[PDB]
Amino acid sequence: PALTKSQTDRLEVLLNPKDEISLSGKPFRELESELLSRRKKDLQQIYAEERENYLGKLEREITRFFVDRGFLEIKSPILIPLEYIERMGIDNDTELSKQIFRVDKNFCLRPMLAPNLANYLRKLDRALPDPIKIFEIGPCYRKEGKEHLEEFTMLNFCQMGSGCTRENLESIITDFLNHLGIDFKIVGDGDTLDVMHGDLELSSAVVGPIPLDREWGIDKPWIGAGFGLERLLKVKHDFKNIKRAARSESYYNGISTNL
Ligand code: NA
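Residues 188 to 210, 212 to 332, 335 to 379, 385 to 454 in the UniProt record's numbering are what the sequence shown lists, from first letter to last.
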């Protein structure tokens, strides 16, 4: 007869975007047996050829992109002090005690790469010539009220000093997403920009100095942008849900591991 809602959820888990089949008068067991055989063969092809994870391979492809363009690869701690978040302009219980994974009474999981990269910009200005170009790829954490990934991988590149203009920032974003093969559109008039993909925010870039720069020893012009790698993988592979691209035991490269 007709497929139930739970049976449809099960088949959608085993359903790849490349599959060109409709959910045909066949029973649920026949459809499930077909998708199971396809997903098993898909993993067999990965285990015999590529064997690289989508998240890891994307980090390596992005790293080669910015290293080739004069950006220094940064690997800052994931466990940051709480004082870094208090210095970002967040206190009370608006966003400090709501979307922050605190570990000890002093440390917490970093929700963004900006505080660590800001400290690197201050220290590297004493040794490196102008301009200072750095970037980092790493995990970030934010709770939830909303609906998004709590454990995700962030990319943050930034430049300080000369050439920190909106035109230069958009040229880097354009060359970056065209390199990967991701359609986008820049939205902006707030002194900030939004890199959108239809209705999904890929990145939120910041141009020019910010009054908050004084609290981080920053007194030069700077540009930067932060991309979520799980959101990028969802767009490139046309995943219906972003959880197929995140760190999980339930999916490998958008393929279900519950076979
Ligand atoms: Na602006």
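Even for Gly, the Cβ is constructed at its ideal location relative to N, Cα and C.
- Within 7 Å of the C-beta of residue 378 there is at least one heavy atom belonging to the ligand NA.
- Residue 289 sits close to residue 329, with the two beta carbons spaced by under 8 Å.
- For the pair of segments examined, the segment 229 to 236 was found not to touch the segment 263 to 283: the number of CB pairs separated by less than 8 Å stays below three.
- Look at residue 200 here: in three-state DSSP terms it is helix.
- At least 8 Å separates the beta-carbon of residue 416 from that of residue 406.
- DSSP places residue 244 outside any beta strand (DSSP E); the residue lies instead in the alpha helix (DSSP H), whose first and last residues are 242 to 255.
- Short of 8 Å from the beta carbon of residue 218, and not among the five residues preceding or following it, lies no beta carbon of its own chain.
- Separation of residue 244 and residue 438 (C-alpha to C-alpha, rounded to the nearest whole angstrom) is 16 Å.
- Just measuring C-alpha positions, the residue of 411, 190, 247, 449 sitting nearest residue 220 is 190.
- Its Cα nearest to that of residue 451, the residue 204 stands out among 300, 204, 188.
- Where residue 338 is concerned, there is no enclosing alpha helix (DSSP H), because DSSP gives it neither an H nor an E.
- Of the other Cβ atoms in all chains shown, fewer than 16 fall within 10 Å of the Cβ of residue 315; this residue is therefore exposed.
- In this structure the segment 433 to 448 does not lie against the segment 385 to 394, because fewer than three pairs of beta carbons, one per stretch, are closer than 8 Å.
- With a contact defined as Cβ atoms closer than 8 Å, residue 427 and residue 370 qualify at about 7 Å.
- With contact defined as three or more Cβ pairs closer than 8 Å, the segment 302 to 309 and the segment 335 to 342 are not in contact.
- Judged by DSSP secondary structure, residue 269 falls within the beta strand (DSSP E) whose first and last residues are 267 to 269.
- Taking residue 421 as the centre and dropping the five residues before and after it, the same chain places the C-beta of 300, 301, 302, 344, 345, 346, 398, 399, 400 closer than 8 Å to its C-beta, in chain order.
- Non-local C-beta neighbours of residue 353 in its own chain, meaning closer than 6 Å and more than five positions away in sequence, comprise 319, ordered along the chain.
- Looking at the backbone, the Cα of residue 442 and that of residue 436 are separated by about 13 Å.
- For residue 406, there is no enclosing beta strand (DSSP E), as DSSP marks it with neither H nor E.
- In this structure residue 342 touches residue 423 by the C-beta definition: roughly 6 Å separates them, less than 8 Å.
- Comparing alpha-carbon positions, the option among 402, 373, 262 lying closest to residue 359 turns out to be 402.
- Following the DSSP letters along the chain, one finds residue 327 inside the beta strand (DSSP E) bounded by residues 320 to 329.
- Boundaries of the beta strand (DSSP E) around residue 375: 375 to 377.
- In the displayed model, residue 451 falls within a strand according to three-state DSSP.
- Short of 6 Å from the beta carbon of residue 392, and not among the five residues preceding or following it, lie these beta carbons of its own chain, in chain order: 374, 430.
- Rounded to the nearest whole angstrom, the CA to CA distance from residue 281 to residue 287 is 9 Å.
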